[PDB]
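Peer 1: Structure in C-alpha coordinates, see below.
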Amino acid sequence: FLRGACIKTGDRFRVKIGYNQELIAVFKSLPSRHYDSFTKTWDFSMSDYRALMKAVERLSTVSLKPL
(Lines give C-alpha, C1' and ligand atoms only; values in the text may rest on other atoms or scores of the structure.)
Protein backbone atom coordinates (compact mmCIF):
# COMPACT_ATOMS: atom_id res chain seq x y z
CA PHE A 1 0.00 0.00 0.00
CA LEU A 2 1.14 3.53 -0.90
CA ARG A 3 -0.10 6.97 0.12
CA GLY A 4 0.81 9.83 -2.27
CA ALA A 5 -0.32 13.22 -3.51
CA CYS A 6 -1.13 15.08 -6.73
CA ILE A 7 0.87 18.30 -7.11
CA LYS A 8 -0.45 20.94 -9.48
CA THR A 9 2.05 22.41 -11.94
CA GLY A 10 0.17 24.79 -14.23
CA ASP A 11 -2.23 22.88 -16.44
CA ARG A 12 -0.45 19.63 -15.60
CA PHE A 13 0.08 17.76 -12.35
CA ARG A 14 2.64 15.30 -10.90
CA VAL A 15 2.03 12.28 -8.69
CA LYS A 16 4.43 12.07 -5.71
CA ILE A 17 4.66 9.12 -3.30
CA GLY A 18 4.99 10.06 0.38
CA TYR A 19 7.69 8.98 2.84
CA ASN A 20 7.20 7.08 6.12
CA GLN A 21 7.89 7.98 9.74
CA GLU A 22 11.24 6.16 9.96
CA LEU A 23 12.66 7.74 6.85
CA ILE A 24 11.69 11.26 7.78
CA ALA A 25 13.36 10.70 11.15
CA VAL A 26 16.59 9.82 9.30
CA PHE A 27 16.12 12.87 7.07
CA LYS A 28 15.81 15.24 10.02
CA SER A 29 18.98 13.82 11.56
CA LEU A 30 21.06 14.88 8.58
CA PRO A 31 22.72 18.29 8.78
CA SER A 32 22.45 19.22 5.03
CA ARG A 33 18.76 18.28 4.74
CA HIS A 34 16.35 20.40 2.71
CA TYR A 35 12.63 19.89 2.25
CA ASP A 36 10.92 21.30 -0.82
CA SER A 37 7.34 21.85 0.34
CA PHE A 38 6.16 22.52 -3.23
CA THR A 39 7.50 19.26 -4.71
CA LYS A 40 7.18 17.31 -1.45
CA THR A 41 10.78 16.07 -1.93
CA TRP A 42 13.85 15.96 0.38
CA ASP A 43 17.33 16.65 -0.86
CA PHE A 44 20.76 16.49 0.78
CA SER A 45 24.41 17.34 0.15
CA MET A 46 26.48 14.49 -1.22
CA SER A 47 28.36 14.96 2.08
CA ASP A 48 25.37 13.26 3.74
CA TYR A 49 24.95 10.45 1.25
CA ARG A 50 26.94 7.76 3.06
CA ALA A 51 25.24 8.59 6.40
CA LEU A 52 21.78 8.38 4.84
CA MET A 53 22.45 5.05 3.23
CA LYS A 54 23.95 3.74 6.50
CA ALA A 55 20.91 4.74 8.55
CA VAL A 56 18.54 3.25 6.03
CA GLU A 57 20.24 -0.16 5.98
CA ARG A 58 19.07 -0.45 9.61
CA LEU A 59 15.47 0.23 8.74
CA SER A 60 13.48 -2.83 7.83
CA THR A 61 10.73 -0.68 6.37
CA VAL A 62 12.91 1.29 3.93
CA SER A 63 15.10 0.22 1.02
CA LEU A 64 16.90 2.77 -1.21
CA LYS A 65 18.51 2.32 -4.62
CA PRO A 66 22.03 3.80 -4.39
CA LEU A 67 22.89 6.49 -6.83
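Going by the C-alpha coordinates order, chains are called A, B, ..., each with residues numbered from 1, while ligands are numbered from 1 in the order shown.
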Give me, as a short mmCIF file (atom, residue, chain, number, x, y, z; two decimals) with N, CA, C and O atoms, in the first residue's frame, all polymer residues having an atom no more than 8 Å from residue 53 of chain A, counting only C-alpha atoms and skipping those fewer than 4 positions away in the same chain.
Peer 2:
```cif
data_model
loop_
_atom_site.label_atom_id
_atom_site.label_comp_id
_atom_site.auth_asym_id
_atom_site.auth_seq_id
_atom_site.Cartn_x
_atom_site.Cartn_y
_atom_site.Cartn_z
N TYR A 49 25.42 11.64 1.95
CA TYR A 49 24.95 10.45 1.25
C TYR A 49 25.26 9.17 1.99
O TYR A 49 24.37 8.32 2.19
N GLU A 57 19.97 1.27 5.99
CA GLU A 57 20.24 -0.16 5.98
C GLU A 57 19.75 -0.81 7.27
O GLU A 57 19.58 -2.03 7.33
N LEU A 64 16.63 1.74 -0.19
CA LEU A 64 16.90 2.77 -1.21
C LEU A 64 17.91 2.33 -2.25
O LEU A 64 18.98 1.85 -1.92
N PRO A 66 20.89 2.89 -4.43
CA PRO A 66 22.03 3.80 -4.39
C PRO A 66 22.13 4.58 -5.69
O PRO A 66 21.73 4.11 -6.75
#
```
Peer 1: Write out as an MDAnalysis selection string which residues come within 10 Å of segment 10-27 of chain A when counting only C-alpha atoms, dropping same-chain ones fewer than 2 positions away.
Peer 2: chainID A and resid 2:8 29:35 39:44 48 51:56 59:63
Peer 1: Just the strand (DSSP E or B) stuff from segment 9-67 of chain A, please, per backbone DSSP, written as a VMD selection string.
Peer 2: chain A and resid 9 12 to 17 34 to 36 41 to 43
Peer 1: Within chain A, find each residue whose DSSP state, derived from the backbone, is alpha helix (DSSP H), and express the selection as a PyMOL selection string.
Peer 2: chain A and resi 21-29+49-56
